[PDB]
Each structure stands twice: as structure tokens, then as C-alpha cells.
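Just one chain is shown here, as C-alpha cells, and it is the form deposited in one PDB entry.
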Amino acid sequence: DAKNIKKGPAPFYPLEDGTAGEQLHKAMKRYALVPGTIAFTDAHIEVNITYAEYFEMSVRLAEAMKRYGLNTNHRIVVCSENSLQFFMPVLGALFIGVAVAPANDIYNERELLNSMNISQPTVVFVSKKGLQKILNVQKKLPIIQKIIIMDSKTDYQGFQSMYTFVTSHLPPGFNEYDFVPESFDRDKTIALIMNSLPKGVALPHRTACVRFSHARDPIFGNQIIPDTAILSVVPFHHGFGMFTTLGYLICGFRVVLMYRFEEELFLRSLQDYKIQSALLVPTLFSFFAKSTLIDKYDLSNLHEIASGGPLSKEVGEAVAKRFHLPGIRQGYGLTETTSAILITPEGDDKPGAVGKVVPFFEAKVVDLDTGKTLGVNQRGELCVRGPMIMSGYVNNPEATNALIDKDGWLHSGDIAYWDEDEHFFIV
């Protein structure tokens, strides 16, 4: 009974052709041609980096990795706290079809080895503070041939930086605006291998392309308006950070980052950078329900606070009230679904609804002992189907088939119901 399968609407704008790297490249080139356009801002050290800087260095890294010898058969790891440099190797790799495996930078050596034993990288990009851990892992995973330091200008402790790596490999006369990203099959070529012992989640380029249609949707994402700024405290190596940020870059927004949470910096940054949209991890919502300092800042530019999910009905309402917002912009997604597949539509927040099925997707709820599909206001297991579902867990077809059934439905593990307006609620 199709009336019991909720479907997203058609996307505001039609899904664009091209790999995720081609689409990012094309949009970034354009912002690059407008001097002063800010891509990232590090709120701790107060430095901005523009789209022209970001674009040029991303293109240079892509060409350098290609000349070094990386192609679609290789993976890289990016292991770092949020920083201005984080997305440089991510973009460079997407531009040439090299899969990117972000490794949690607070994993100790063991969970790190487990993660990198799955992704099997040839090159690892690391911040200065992660170098020791990577060197200790490399002792056990000889596939790691090359370690490149992200947040350094010069070489660092005998390792090249992104800058000196690039200078070692670029041909003479290299032109960043003549460069053309690689073209390849966006269903078969993996863009990201995300962690969730954790497993590795392979996400084809297609899934990011679909995200890029949601991100700029006026209903399911953020409308492209000039001088939009986002404050993001979420980790870039996790799906909430990775896939919002990639979409913010497509949109030309200013991504103000923090790599560690502090109350006064966070609030002062909302005020002073006139943030329109702020992202919080789940336990930062409980924090802000306790906060009283909110009242002392001018937050009149703030339009939304977005959660990654699903929040408790109470904590959600408490936060929305302290920030004088009508509600929280909720998402529900898993690492296995790339990003959010139920999202609060812009304007149309409800109570403790998580939101509505995004474009390209389907969702249903099924009876828990039988697998049968349910009708409205009935509680069952949330299942979703659509082109952001992962290709599978890396080297683990059994965990894959356990999650995703033969008709392509992912079984989320969560209990839900949908209502007469087609809003979903996680219970």
C-alpha cells in the first residue's frame, strides 16, 4: 500500500550530473573568482581563509597527489581536529577520485589502527598533534607510504607539509584555473569511507551529489543567501560535520569553526560573526538547556540551531526558548545514510517531529516481529530507501546484509511513527 510509504518531494533543483568532486570544483571556482569570499574562519585564532585560497590549494593538492601516483585505486586518511586545513586534502582527493577516510582524532592508537586497518590508506594527512599516533600505526600497517602534515607551512619533523608536498610534485607552469577534475562513474567510485569495533561505511560519490541537492534546497537545506555564516562545533570527521560542510562549500557560505567547545567563545562568536545557523552535537543541546549566559549576547541574526540526529522533546523546547527560536532544525540520519534523510522542513517545525522525508528518499515504519508495513500514527521500525544509502560496510558483507534487506530498505533500528502531515517522530 503505497499510501503508507512516505516519499520526499521533487528537489527544488534537479540532481546535477558529475562526480561530487566536479560539482564542488565547479562551485568553488566561482566563489574563488570573487576576492574576499570567506570559506572558513577559525574562531580560536581568528584567521579567515577565502574561497580563492581554498580552491587554489585544493586543486594544487589534487594535481600533486595525481603526479605522486594516486588514482581511483587508492585511499587517503585525514586525521585532524577541526581546522582551516581539514578540507584541503578532502577536496583534493574528491577532485581525483581517491577515496577519503576520516579518522577520529581522539581515537587512541587502538581504535585508530582498527579504523585504518579497514580503510587501508596509501597516504595519511595528519595534524602536528596526531603525528606520533600515525607513526605508531604505520609500524603495523606498512601500506602507509607517506605522511603529510596538515597544519604546517614548512616541513615538520622531517615530514612534508601540504605546501612542500605540492611544491615537490607540481609541474612547471601549473595553472589552477585550467585544471579539470577527473571524471569517473559516481556510483562505483567511493568518495568517503566513514567510521561507525567501528565498521567502515563506503559512500559512493552519488551520495554526496544527492546531499548537494538537499543542502541548497530552500525547504530541506539552506537557501543560498549572500554573507551566510554558519558556526560549526561538530567534528568534521563524522557525518554531521562532513556533509554539512561539503554542502556549505557548494553554497559559498562562511564556515566558522571551533575544534573545542567553550561557552563564552561559542556565544560571542554567534554574536560577532552574526551567525545565521549553528550546529551542535547531541550533548551540547543538554548543555545549552542549562545555560543562562545566552541572554547577555546579541543573537538577533541567529535563524536556526540544527541537530544531527534526534533530541528529547524537553531539551529541544528548552534550547529553542533560550535562543528565542520557534524550534530546533532537526535531522535524522545515520553514517550509513550519508546524512539526514528526515529533515525539519524550513518554517514547518512541529513539536518533537524529527521532520519529513527528503527528496529522492522513501521511508516507512514496519511491525517489529513480522516486518509488515504500517499506517499512520502507528509505531514500528523506521526503514528508509534512497540513493544516499551506503554501498556497504568495507569488507563486511554480512553486517551489510544484516542492515539492508534485499529490496534495498535500510533498517534503522529506531522506533518511529509518521502523522497525517507526513512528519516523522522518533520515540
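Whichever C-alpha set is largest while still superposing within 1.5 Å between the two forms counts as the rigid core. Numbering starts at 1 and runs along the sequence shown.
Exercise. Unmodelled deposited residues between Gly309 and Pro310: none, 1 to 3, 4 to 9, or 10 or more?
Worked result: In the deposited sequence, 1 to 3 residues between these two have no coordinates.
Exercise. From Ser196 on to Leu197, does the model leave out none, 1 to 3, 4 to 9, or 10 or more residues of the deposited sequence?
Worked result: The entry has a gap there, with 4 to 9 residues left out between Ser196 and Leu197.
Problem set entry | Higher-B stretch (mean Cα B-factor, as the entry records it), 355 to 363 or 47 to 55 | Higher mean C-alpha B-factor in the PDB entry: 355 to 363.
For this session: Could you check the entry and say whether 21 to 29 or 407 to 415 has the higher mean CA B-factor?
Result: Of 407 to 415 and 21 to 29, the stretch with the higher C-alpha B-factor average is 407 to 415.
Exercise. Per the entry, which of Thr245, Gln85, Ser269, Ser115 tops the list for Cα B factor?
Worked result: That would be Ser115.
Exercise. For the listed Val384, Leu368, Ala64, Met390, which has the peak Cα B-factor recorded in the PDB entry?
Worked result: Highest CA B-factor of the listed options: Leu368.
Exercise. What third of its chain, lowest, middle or highest, does the C-alpha temperature factor of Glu176 fall into?
Worked result: According to the entry, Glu176 has a C-alpha B-factor in the chain's lowest third.
Problem set entry | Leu70 - Cα temperature factor, lowest/middle/highest third of chain | Tercile = middle for this residue's CA B-factor.
For this session: Check where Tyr273 lands among this chain's C-alpha B-factors and tell me if it's the lowest, middle or highest third.
Result: Lowest third.
Exercise. Relative to the other modelled residues in the chain, which third contains the C-alpha temperature factor of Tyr297: lowest, middle or highest?
Worked result: Middle third - that is where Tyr297 ends up once the chain's C-alpha B-factors are sorted.
Exercise. Taking the C-alpha B-factors as the PDB entry records them, is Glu81 in the lowest, middle or highest third of its chain?
Worked result: As the PDB entry reports it, the C-alpha B-factor of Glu81 lands in the lowest third of its chain.
Absent from the display: the form deposited in another entry. The rest refers to it.
For this session: Select from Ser183, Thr72, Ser291, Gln145 the only position whose Cα moves 2 Å or more between the shown form and the other one when the core is aligned.
Result: Looking at each option in turn, only one qualifies, and it is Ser291.
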